[PDB]
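Quick note, the sequence shown lines up with residues -3 to 224, 228 to 438, 442 to 519 if you use the entry's author numbering. Where is the CB? At the ideal position from N, CA and C, for every residue including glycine. A quick write-up on the structure given underneath.
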Amino acid sequence: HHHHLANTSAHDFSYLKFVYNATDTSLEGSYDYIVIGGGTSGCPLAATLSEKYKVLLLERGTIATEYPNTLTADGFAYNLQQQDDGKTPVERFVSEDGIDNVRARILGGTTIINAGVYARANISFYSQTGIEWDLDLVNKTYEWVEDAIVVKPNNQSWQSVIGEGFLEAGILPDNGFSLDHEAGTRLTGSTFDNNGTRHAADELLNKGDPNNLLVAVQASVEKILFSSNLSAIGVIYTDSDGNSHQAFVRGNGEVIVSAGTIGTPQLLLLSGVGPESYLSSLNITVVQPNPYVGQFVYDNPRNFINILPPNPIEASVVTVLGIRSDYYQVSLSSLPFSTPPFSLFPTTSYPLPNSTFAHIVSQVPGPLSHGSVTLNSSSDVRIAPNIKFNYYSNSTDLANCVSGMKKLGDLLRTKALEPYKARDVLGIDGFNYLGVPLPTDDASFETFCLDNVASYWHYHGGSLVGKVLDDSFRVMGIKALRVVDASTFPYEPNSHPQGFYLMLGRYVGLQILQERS
Ligand SMILES: Cc1cc2nc3c(=O)[nH]c(=O)nc-3n(C[C@H](O)[C@H](O)[C@H](O)COP(=O)(O)OP(=O)(O)OC[C@H]3O[C@@H](n4cnc5c(N)ncnc54)[C@H](O)[C@@H]3O)c2cc1C
Ligand SMILES: *[C@@H]1O[C@H](CO)[C@@H](O)[C@H](O)[C@H]1NC(C)=O
Ligand SMILES: *[C@@H]1O[C@H](CO)[C@@H](O)[C@H](O)[C@H]1NC(C)=O
Ligand SMILES: *[C@@H]1O[C@H](CO)[C@@H](O)[C@H](O)[C@H]1NC(C)=O
Ligand SMILES: *[C@@H]1O[C@H](CO)[C@@H](O)[C@H](O)[C@H]1NC(C)=O
Ligand SMILES: *[C@@H]1O[C@H](CO)[C@@H](O)[C@H](O)[C@H]1NC(C)=O
Ligand SMILES: *[C@@H]1O[C@H](CO)[C@@H](O)[C@H](O)[C@H]1NC(C)=O
Ligand SMILES: *[C@@H]1O[C@H](CO)[C@@H](O)[C@H](O)[C@H]1NC(C)=O
Ligand SMILES: O=Cc1ccccc1
């Protein structure tokens, strides 16, 4: 079941032969499919559709060769440390809760900037949704992604320490190496290969048909165009010089929005698809009223402590996961820095580490708390929308963080972690901490959870199946319009969702092709 995994190899940019600047007006015209957003779901979706049909993929960012630190594990922090000048692969934002965050702006989407952790969805997820999944095809599609960009990670000293700690702390059983989201401790896959080269969703464009697939970069899609039976017919997009362009679908073809949790509700709202009284209050003509566009937007909380060992530890990428139903835990080890990677810590005024440190982390599942995306500009898609997640508004989320923080306490008490204490005392105050240490009444853990929350970066929702979309990802009430990306589900598929959303892009592409045949 692992014969098919990818090998160590250079990042494959062969697909650049059909990538063009959106300034090229000859890209304007009619296609069978237009995919908006060249990201985690959008790239394998476009590649899949191009097996049989003419596809235009539109991405607002540029190509990853322009930002070489996106292409190595060693460059992960660099892209977050880099200032956001409107063109960089990392776009910075702050939720209305006050928590710093980022999204991608690059061909390949968030797989070009993320921490590389690869996992398949919790196998119970499919029946939880109630969608009639073709489960055999789901698994074939995971293998199609994994053959291109997923490896079995080599050993990393810190990842092995934390795995021994998770097991000693009772996060059982030992699952060895496995891609599956199951209770226990395991080594999972990575989209960094064993030479440190990042592999990503853009490489899945290499599986497209180069005679049928066209990609426009620095293409800012501003509006979905509709028929004068309401149908999507095309898009308006602007190029890096600011000039406008139009592209259309033809016949039985379709527009699919794959612009992410933030970008997809924004574009739907700008296009008149959304809550009637809200759009009317902005004087946006309503094309399709739906009270849920931009509603039910979720961000799984990240809580953490940081330890500063008295001897240097080796930096690592996350590969070893400790999974329970009520918390998902990992640890990153890092070099010190004097410029913070934006959103690693929730505020810019966080203390800076002067030596190597271990960031020890727990994730709240769900979450049950949710907020919304609303427009900041009623016209300009380059102006980021407002986004609020309402962290810990739901008491179940807070209770689950308390459980995870207690388990992090257990982890710090293991023999495995003992050699990284600065003082050989009995308690966990023998560690040196960067930032706030763990407090053991439930009230002190609740305060810690609330005060020190950060984004796990795994936000989702805003165009949910069952609210905005049907079980085939069609926008209800509109022909020839679908949404495929992380805006579509209200809960996580697992601890690390890129593997699910990579699969989903191709999977829905195959469903489109089958429906059409
Ligand atoms: C820093 C970070 C680390 C992460 N680490 C991991 C991890 O290790 N493992 C894991 O499993 N998950 C991880 N995640 C989460 C996971 O990567 C994302 O949830 C997932 O990639 C989202 O996929 P998507 O297709 O919804 O969005 P994206 O991949 O972001 O794709 C959306 C694309 O649409 C483009 N776009 C947006 N609006 C427009 C527009 N109007 N016109 C044109 N293009 C547009 C964007 O530029 C982008 O390329 C991480 C997330 C972040 C931010
Ligand atoms: C990796 O290479 C080996 C032999 O060199 C082979 O088993 C396998 O086909 C390769 N994997 C991929 C994904 O190409
Ligand atoms: C597209 O062309 C413009 C000039 O017309 C240039 O400024 C920009 O860098 C180009 N973008 C890409 C992605 O090549
Ligand atoms: C799909 O693969 C998973 C492992 O990821 C396995 O547990 C499951 O049985 C498979 N399902 C089908 C329908 O083959
Ligand atoms: C919408 O337009 C009407 C005029 O038709 C105006 O009275 C109202 O203030 C406008 N509202 C906004 C938010 O532009
Ligand atoms: C997997 O998903 C099911 C269904 O939502 C849930 O009950 C279970 O706790 C999950 N398991 C893990 C290990 O997250
Ligand atoms: C736009 O965003 C800024 C920055 O968060 C905020 O202060 C402002 O209130 C927002 N404006 C609108 C109209 O949403
Ligand atoms: C928390 O979420 C659960 C599940 O959606 C819900 O039943 C409950 O009412 C929520 N609590 C509050 C205070 O909204
Ligand atoms: O789970 C992935 C991760 C990576 C860096 C920091 C926190 C979490």
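Neighbourhood of residue i by C-beta distance below 6 Å, restricted to the same chain and skipping five residues each side
i: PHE295; result: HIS369, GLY463, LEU466 and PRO492
i: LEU229; result: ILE480
i: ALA43; result: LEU200, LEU201, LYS203 and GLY204
i: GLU139; result: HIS0
i: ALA117; result: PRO495, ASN496 and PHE502
i: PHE162; result: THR181 and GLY321
i: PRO418; result: none
i: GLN77; result: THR338 and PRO340
i: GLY159; result: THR181 and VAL319
i: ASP28; result: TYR49, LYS50 and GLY252
i: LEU54; result: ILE32, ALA212, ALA215, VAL217 and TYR236
i: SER270; result: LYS219 and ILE220
DSSP-derived helix/strand/coil call for residue i
i: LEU452; result: helix
i: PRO300; result: strand
i: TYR390; result: coil
i: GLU313; result: coil
i: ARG518; result: helix
i: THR58; result: strand
i: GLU47; result: coil
i: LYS148; result: coil
i: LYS469; result: coil
i: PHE336; result: coil
i: residue 520; result: Only positions -3 to 519 of the chain appear in this structure, which leaves residue 520 out of reach.
i: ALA246; result: strand
i: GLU253; result: strand
i: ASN305; result: strand
i: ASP176; result: strand
i: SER224; result: coil
i: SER153; result: helix
i: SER446; result: helix
i: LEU331; result: strand
i: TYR74; result: helix
Contact set for residue i: own chain, Cβ-Cβ below 7 Å, skip 5 residues either direction
i: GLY429; result: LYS420, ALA421, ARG422 and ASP423
i: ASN454; result: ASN302 and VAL435
i: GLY192; result: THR68, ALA69 and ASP70
i: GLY262; result: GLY33
i: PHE188; result: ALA69, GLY112, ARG194 and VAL316
i: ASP80; result: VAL86, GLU87 and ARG88
i: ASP8; result: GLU199 and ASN202
i: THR395; result: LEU367
Residues that DSSP places opposite residue i in a beta bridge
i: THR68; result: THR193
i: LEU437; result: DSSP lists no partner for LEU437.
i: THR181; result: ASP170 and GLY321
i: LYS219; result: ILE235
i: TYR326; result: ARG323
i: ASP80; result: DSSP, once it has assigned bridges, lists no residue as partnering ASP80.
i: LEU210; result: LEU52
i: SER186; result: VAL113 and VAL147
i: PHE341; result: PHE344
i: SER37; result: Paired residues: none, contrary to the question.
i: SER457; result: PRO300
i: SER230; result: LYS481
Beta-carbon contacts of residue i that lie in its chain and below 8 Å, excluding the five residues immediately before and after
i: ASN305; result: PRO352, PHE356, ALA357, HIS358, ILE359, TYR432, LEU433 and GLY434
i: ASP143; result: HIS0, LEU1 and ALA2
i: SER156; result: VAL319
Tell me the start and end of each unbroken beta strand (DSSP E) in the segment 84 to 124 that is at least 3 residues and wholly inside, in chain order. 86 to 90 and 96 to 100
Go through the segment 262 to 301 residue by residue and report every complete run of the beta strand (DSSP E) that reaches 3 residues or more, in order. Counting only unbroken stretches of 3 or more residues, the beta strand (DSSP E) elements lying wholly within the segment 262 to 301 are 294 to 297, in sequence order.
Complete runs of the beta strand (DSSP E) confined to the segment 353 to 437 [at least 3 residues]: 356 to 362, 370 to 373 and 385 to 387
Pick out every residue whose C-beta is nearer than 5 Å to a heavy atom of ligand 2: which are they, in chain order? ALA2, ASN3 and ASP143
Just to confirm the assignment: which complete beta strand (DSSP E) runs, minimum length 3, are found wholly within the segment 8 to 35? 15 to 17 and 25 to 32
Taking a cut-off of 6 Å, which residues have a beta-carbon closer than that to any heavy atom of ligand 7, in chain order? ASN375 and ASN385
Secondary structure, beta strand (DSSP E): runs of 3+ residues fully inside the segment 460 to 506: Secondary structure within the segment 460 to 506: the beta strand (DSSP E) runs of 3 or more consecutive residues, fully enclosed, are 483 to 485 (chain order).
Residues passing the C-beta test against ligand 4 heavy atoms, cut-off 6 Å: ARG116, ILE119, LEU131, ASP132, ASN135 and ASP176
Taking a cut-off of 5 Å, which residues have a beta-carbon closer than that to any heavy atom of ligand 8, in chain order? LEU367 and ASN393
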